[PDB]
Amino acid sequence: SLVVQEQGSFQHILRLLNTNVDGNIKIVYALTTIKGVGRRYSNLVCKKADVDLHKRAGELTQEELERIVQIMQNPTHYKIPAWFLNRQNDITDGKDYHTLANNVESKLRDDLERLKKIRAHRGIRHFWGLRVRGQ
Amino acid sequence: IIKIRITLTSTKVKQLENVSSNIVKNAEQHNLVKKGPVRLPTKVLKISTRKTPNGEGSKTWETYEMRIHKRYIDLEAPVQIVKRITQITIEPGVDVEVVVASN
Amino acid sequence: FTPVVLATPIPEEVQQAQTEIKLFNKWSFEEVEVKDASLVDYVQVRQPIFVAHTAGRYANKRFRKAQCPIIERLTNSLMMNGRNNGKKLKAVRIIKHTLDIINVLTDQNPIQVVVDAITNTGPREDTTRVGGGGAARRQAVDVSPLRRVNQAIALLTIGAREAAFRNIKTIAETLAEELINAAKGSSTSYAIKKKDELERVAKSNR
Amino acid sequence: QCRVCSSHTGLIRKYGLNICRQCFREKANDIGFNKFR
Amino acid sequence: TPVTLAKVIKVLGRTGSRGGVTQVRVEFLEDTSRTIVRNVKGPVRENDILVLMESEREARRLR
Amino acid sequence: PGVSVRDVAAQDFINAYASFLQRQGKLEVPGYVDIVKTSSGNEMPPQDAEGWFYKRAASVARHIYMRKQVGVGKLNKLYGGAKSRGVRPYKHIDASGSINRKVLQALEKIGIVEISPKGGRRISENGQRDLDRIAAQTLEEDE
Amino acid sequence: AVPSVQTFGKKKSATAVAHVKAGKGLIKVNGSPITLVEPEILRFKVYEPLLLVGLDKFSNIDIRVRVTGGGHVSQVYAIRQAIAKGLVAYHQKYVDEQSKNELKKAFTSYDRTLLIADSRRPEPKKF
Amino acid sequence: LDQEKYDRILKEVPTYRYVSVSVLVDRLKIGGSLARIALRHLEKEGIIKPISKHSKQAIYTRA
RNA sequence: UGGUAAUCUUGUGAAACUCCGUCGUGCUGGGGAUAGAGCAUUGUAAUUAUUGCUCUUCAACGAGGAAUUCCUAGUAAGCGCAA
RNA sequence: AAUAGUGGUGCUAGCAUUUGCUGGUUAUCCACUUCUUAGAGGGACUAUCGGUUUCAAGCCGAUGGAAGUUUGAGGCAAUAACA
């Protein structure tokens with residue numbers, strides 16, 4: 001195509017909720033480095049971000065790093081269907097949310113520990129597997 | 001005086017060329033309109049079963065076969081001509097059918 | 001030469017010298033080059049070729065094996081493991097993408113650069129494939145010419161796979177540099193420097 | 001069904017005949033099956 | 001280099017633990033009166049050209 | 001000096017045609033084109049962000065050209081892939097139907113292809129005087 | 001009426017019927033010109049019957065062939081079986097035999113399997 | 001991130017014999033698409049004398 | 001709706017392969033092995049997931065020591081997905 | 001040979017058009033079997049030449065030929081301790 005030569009300004013470390021991104025890659029591959037979001041999930045949000053689909057970290061506008069979590073923290077606000085989510089129709093509140101990197105471990109232990117010890121709403125013979133053979 | 005159709009689907013190929021000959025024989029001694037005996041692709045049946053009553057031994061199998069041949073003739077004649085001759089061409093193992101389909 | 005027309009609109013460029021006695025769509029067979037006296041008999045099948053792909057019937061007597069073309073033989077050897085058994089169409093794409101990259105590397109005839117190359121790589125001497133009856137030794141022996149050409153081509157081929165395994169460069173980039181390395185006596189390519197040391201210990205053992 | 005010869009399994013459900021295959025090899029003749037190849 | 005340009009005349013038989021080598025009768029082109037055998041390995045027939053190095057030291061027969 | 005549909009390129013003829021259709025913009029493009037892929041067997045929505053909807057809609061007209069009729073079950077069993085199952089062996093692809101149901105209906109609005117009495121949707125003289133005529137407009141792309 | 005004949009060529013259960021007519025010279029592979037066959041590398045295999053005798057004898061011909069069966073590779077071999085033997089039926093019904101044999105010798109000097117199809121059918125396994 | 005894509009390529013192009021993706025990846029910073037876009041820019045520049053090209057590879061030499 | 005059978009499903013538009021692209025050699029977009037949230041169907045009944053589609057998670061695994069092989073020229077191997 | 005197929009005559013749409021190349025379908029009708037299917041037969045015997053051998057049984061080349069590895073692959077064939 002052509003030779004575009006920008007003045008570096010590229011961040012080897014990012015800060016999106018304790019996620020430090022080696023941003024010399026495609027931005028849809030940049031978000032996949034966090035947990036809870038993969039290329040089947042991160043595909044549409046950059047298409048929702050309405051940017052170029054080939055950029056690196058050295059050329060991103062500074063509002064967009066706020067924007068990408070803003071669409072993330074408001075998932076159903078900007079036309080995300082029900083079949084595009086992780087956590088769905090919860091046993092505690094029934095609502096539907098998605099998860100970031102450092103909190104997939106949230107709604108994980110407490111939701112298994114009831115099946116581990118309390119003989120919960122369904123977990124009474126699902127009670128030894130992650131306890132005796134897979135603890 | 002109606003166009004008819006006869007089928008015969010048997011499994012003794014020697015005993016199907018005598019019948020299909022005398023069908024076209026007595027029709028042509030009365031010289032009706034006809035079209036020749038169209039011979040269809042035959043059908044074979046098969047079942048693989050291994051060759052032991054118990055299970056203890058080496059393994060390869062059988063393969064059984066059964067062959068079905070089928071051919072059919074169309075015809076037109078007055079009904080008095082045909083209703084006698086279809087009752088004198090009987091033979092065991094052989095099936096005969098009459099179809100008068102004139103839609 | 002007088003491009004006639006039909007009801008089919010036919011392109012001229014398939015008719016210019018192709019209707020003339022030049023046969024292959026970019027090269028010819030006028031260039032006949034003999035280096036060894038062994039290769040005079042069977043390797044240069046003097047017949048035309050256009051695509052280097054036909055259904056040869058040579059595998060039912062061991063000397064009709066000789067009459068297949070050389071270019072057909074090297075494509076056959078490209079089926080190497082359990083991923084390319086039967087991908088002949090992939091192979092001819094590789095080969096017709098290698099003579100182009102030969103002739104642009106400062107030379108004169110892309111079919112020449114392999115027929116001289118196999119003159120070097122037909123091993124003049126040999127070990128024996130025997131132990132000896134306990135004393136695992138190696139005795140005096142020589143090689144038949146029709147056996148000589150067989151292992152000559154094949155050791156050139158197998159070096160290219162690891163030469164193009166897991167590195168950025170492609171197959172056609174390997175086959176370019178390998179054959180011009182094989183064209184001269186350099187012993188810098190793996191296609192050469194494993195047949196040499198075979199012959200050197202064969203100069204010992206005997 | 002269990003037909004005869006210590007079998008309720010390996011039945012030949014195909015072609016609508018329903019024979020235990022231990023007791024098919026001895027009955028396949030008179031049905032009109034024969035081996036040829 | 002000391003070449004030895006040779007031509008096979010008569011085929012005799014295979015010999016070896018497996019018969020993997022064959023003893024033939026070969027002729028030298030540059031001296032057409034050189035009757036000599038050679039333990040050639042490979043598919044062999046009449047009228048072949050044989051590169052060779054050691055023109056005299058050769059096993060006349062094998063076990 | 002006059003051609004049919006049958007004597008042009010295959011891949012290139014779609015490209016010149018859909019780019020003209022890219023200038024048209026007369027397509028009911030639904031909202032969920034960003035999310036829903038072509039089938040289940042594929043892994044990703046395509047690298048084309050926009051023109052893929054022009055791509056499939058062009059070639060489905062290209063396939064009813066030689067044919068008599070097309071239903072919907074046929075182009076389900078058509079679309080070029082192999083279903084991965086993971087560690088288990090493969091199986092053939094079957095394509096989704098909602099993304100083909102409307103795009104077949106999206107050409108009745110522009111007079112191309114309509115229902116035969118035999119039971120499939122086919123071209124009539126609407127396309128047979130125009131779709132060939134704009135296939136005749138691809139003859140300018142031959143030079 | 002018009003000089004017209006039929007030939008056919010097979011390879012590995014893939015047929016290729018041929019219709020020969022007389023005209024300006026159109027060579028139609030299943031309703032398309034011959035210069036568009038999708039194995040682009042094997043495009044010159046079909047050119048081989050035409051590019052052996054010169055482009056002369058075809059302002060009085062018309063060729064329409066159609067195929068069934070086989071894969072994407074055998075059908076390239078099937079069409080040039082019927083086409084090459086399709087030309088000789090003119091020269092074995094209308095034009096003389098000295099014109100026949102000169103191209104008969106020209107074909108079979110170059111390819112025995114341009115006139116006579118192969119005989120290498122498959123084989124049943126673990127039976 | 002301004003000069004390394006500016007001097008070794010815009011000036012030192014015609015030094016070689018031919019051009020492929022092999023020469024362009026000799027720098028460990030010029031990645032796959034970066035080496036790909038090099039010829040994609042240079043074909044507009046007319047230095048490339050093309051020989052053959054398809055989707056897997058091209059055969060390109062300089063002017 | 002069509003199909004008791006060359007008529008209908010069914011040309012069983014199978015896959016590898018085939019062009020045009022994107023990708024760039026790092027165990028990365030190779031490889032998805034344990035998993036949690038969900039929607040469906042089949043029967044009297046699927047928890048100890050009978051199976052199937054969603055999104056997540058991506059963990060052993062860089063060609064294999066000593067040893068040792070149902071498969072023969074349209075053969076050996078890949079590629080099927082019919083009963 | 002409307003339970004296969006082409007070849008026309010048509011109704012009929014494109015048609016660059018201008019002779020033309022693609023369509024059109026029940027029944028527009030007639031004429032056809034090459035391809036297709038199934039009955040009846042034919043065809044290969046190692047044929048014909050050249051070597052080789054006790055000149056014997058045969059084995060190697062050769063050109064012809066749809067076919068020249070028992071022409072390719074199978075089915076079928078009873079002496080015996082697995083109580």
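Counting begins at 1 with the first residue displayed.
Header entry for method reads electron microscopy, 3.7 Å.
Every residue, even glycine, has its Cβ placed from backbone N, Cα and C.
Per Swiss-Prot, ubiquitin cross-link is recorded for A:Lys35 (among others). Within 10 Å of the C-beta of A:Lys35 (ubiquitin cross-link) we count 14 further C-beta atoms, all protein chains included.
According to Swiss-Prot, the ubiquitin cross-link annotation covers A:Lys48 (among others). Counting every protein chain shown, the number of other Cβ atoms lying within 10 Å of the Cβ of A:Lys48 (ubiquitin cross-link) is 16. When secondary structure is read from DSSP and collapsed to three states, A:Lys48 (ubiquitin cross-link) falls in the helix class.
Annotation comment: Swiss-Prot describes A:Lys79 (among others) as ubiquitin cross-link. For A:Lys79 (ubiquitin cross-link), the count of additional Cβ atoms within 10 Å of its Cβ stands at 13 [all protein chains shown]. Reduced to three states, the DSSP call for A:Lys79 (ubiquitin cross-link) is coil.
If you look up Swiss-Prot, you'll see A:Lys95 (among others) marked as ubiquitin cross-link. For A:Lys95 (ubiquitin cross-link), the same-chain residues that are 6 or more apart in sequence and have a Cβ closer than 8 Å to its Cβ are A:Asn89.
The DSSP secondary structure for A:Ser1 (N-acetylserine) is coil. Around A:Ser1 (N-acetylserine), no same-chain residue at least 6 positions away in sequence has a Cβ under 8 Å from its Cβ. According to Swiss-Prot, the feature N-acetylserine maps to A:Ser1, an assignment based on experimental evidence.
The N6-methyllysine feature in Swiss-Prot is assigned to A:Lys47; the stated evidence is experimental evidence. Proximity of A:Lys47 (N6-methyllysine) to non-local residues of its own chain (separation of 6 or more, Cβ distance below 8 Å) is seen for A:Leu53, given in sequence order.
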Self-check item: Residue pair A:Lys48 (ubiquitin cross-link), A:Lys79 (ubiquitin cross-link) - Cα distance, angstrom, rounded
Solution: 10
Exercise. Express the distance between the Cα positions of A:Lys79 (ubiquitin cross-link) and A:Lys35 (ubiquitin cross-link) as a whole number of Å.
Key: 22
Quiz item: With 8 Å as the upper Cβ-Cβ limit, not reached, which of the recorded positions A:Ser1, A:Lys35, A:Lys47, A:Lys95 neighbour chain H?
Solution: A:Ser1
